[PDB]
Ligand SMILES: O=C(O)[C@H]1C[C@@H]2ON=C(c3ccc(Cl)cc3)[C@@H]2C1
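The chain below stands alone and is given as structure tokens, in the form solved without the ligand.
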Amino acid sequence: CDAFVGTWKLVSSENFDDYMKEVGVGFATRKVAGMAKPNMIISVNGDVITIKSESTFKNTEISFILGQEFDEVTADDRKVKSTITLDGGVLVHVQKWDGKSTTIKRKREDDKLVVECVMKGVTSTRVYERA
């Protein structure tokens, strides 16, 4: 995951409000979370990958080993079971909760780190660049 390591700043977002609606996020959280321009800090130590999100809304952090399920409390306060794997260079992150599922894909494209969030038929694309 060397090409993911570093500090990344959100530069564009598309359809994030609609994605959050599909996930079930309520109005007030959607408004405040949607304003945020987070930094994403990715680091690797051995087999442990750490992804931190720093924002005015809610600072989060996950550490994980690829293929090994873990507990995650998301920024919108869902308690989910998560598994992250590498599929052909793309970090694929599946979250399970309350019988539902959403998938977050993270990949390097040119000088960007592109995050694609999918809930049923609704996708949001969030693009980051190096700080």
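In case it trips you up, residue 1 is the first one in the sequence shown, and so on.
Note on 68-76 vs 101-109: mean CA B-factor is higher in 68-76. Per-stretch averaging of Cα B factors for 52-60 and 24-32 places 52-60 on top.
Among all modelled residues in this chain, the alpha-carbon of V5 has a temperature factor (C-alpha) in the middle third.
Among all modelled residues in this chain, the alpha-carbon of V90 has a temperature factor (C-alpha) in the middle third. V44 sits in the middle third of its chain by CA B factor, as recorded in the PDB entry.
Just so you know, the form deposited with the ligand bound exists too; it's not on screen, but the next bit is about it.
Contact annotation: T29 falls within 4.5 Å of the ligand in the deposited complex, judged by heavy atom distances. Shown without its partner, the chain has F16, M20, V25, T29, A33 in segment 1-38 as residues with a non-hydrogen atom within 4.5 angstroms of the ligand in the deposited complex.
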